[PDB]
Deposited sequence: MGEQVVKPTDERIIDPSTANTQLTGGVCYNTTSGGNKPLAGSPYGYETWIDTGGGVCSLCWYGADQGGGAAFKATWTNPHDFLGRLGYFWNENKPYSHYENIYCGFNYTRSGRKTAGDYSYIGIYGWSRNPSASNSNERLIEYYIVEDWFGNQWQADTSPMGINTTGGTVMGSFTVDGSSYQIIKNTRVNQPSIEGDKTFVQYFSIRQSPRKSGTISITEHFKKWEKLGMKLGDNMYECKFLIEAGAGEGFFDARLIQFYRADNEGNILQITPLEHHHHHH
């Protein structure tokens, strides 16, 4: 696979200008909500029993088009996410090579509760799987987190946070990633309360900027027998905060897709 060199790709390492003029959402969105003049959709999950949370999109024309800020004040499992919404009966391979360039600031260690996640997130459906537990999949590519009282945010989370079993590992985008499979038994899902599986890639060296070669994770999961099936739901940049008081503020979130030759299939956004 040839890495894309298209000049519309924004270098994540130096994409660190603070953005302004967000459009903010302060309540649960009830699923994916499309964004005007954008290929992306956002979703918020904001427990009304917790404190104030928000997700603010920075619009279609700056920060790579999927940039957002989120804030939380003592949430109960806040999730804010923005990116591709699919749900069109297509396996991951249909979308070819998916990349996300990112750069953000965030609050420090212990500002997001006992567990937290930053990176790529979605679901996929695999109804023909023989194991009924494996017919619905929730997935995470975890670039970073906020640590907690017990563990530094510079230390990667593991199965003590995620649950489940270490299946293997591989190296991509400058770090080893540990691959974890967890079964969620009779838990809330996009299909109601049920048993489903979670796939994780945990970045061993956490970071706040770079490029995620998303499709490389999907390929390695599938090689380990962690199948995604044939109806990818979404592929979004996520901040999840279990609790705490904090923020996440992206200067860049740029999704793009390219074929194996490295030619752009999809990207956002005279002298």
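No C-alpha positions are given in the record for the deposited-sequence stretches 1-4, 274-279.
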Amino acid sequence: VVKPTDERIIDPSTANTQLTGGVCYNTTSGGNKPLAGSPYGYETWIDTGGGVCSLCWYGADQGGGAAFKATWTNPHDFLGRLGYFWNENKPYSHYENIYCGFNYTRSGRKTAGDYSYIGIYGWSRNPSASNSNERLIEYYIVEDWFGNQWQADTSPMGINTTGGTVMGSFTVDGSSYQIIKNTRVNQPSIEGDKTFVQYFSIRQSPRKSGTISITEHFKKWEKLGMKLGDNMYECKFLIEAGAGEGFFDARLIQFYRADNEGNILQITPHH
From here on, numbers count along this sequence of modelled residues.
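Higher average CA B factor: 41-49, of the stretches 65-73 and 41-49. Of the two segments, 5-13 and 256-264, the one listed with the higher mean B-factor is 5-13 (C-alpha atoms only). Ranking 236, 33, 208, 203 by Cα temperature factor from the entry places 33 first. If you compare the C-alpha temperature factors of 112, 100, 190, 118 in the entry, 190 comes out highest. Residue 140 sits in the lowest third of its chain by CA B factor, as recorded in the PDB entry. Among all modelled residues in this chain, the alpha-carbon of residue 185 has a temperature factor (C-alpha) in the highest third. When all modelled residues of the chain are sorted by CA temperature factor, residue 24 is found within the middle third. Annotation for residue 91: C-alpha temperature factor in the highest third relative to the rest of the modelled chain, per the entry. For residue 217, the recorded CA temperature factor ranks within the lowest third of the chain's modelled residues.
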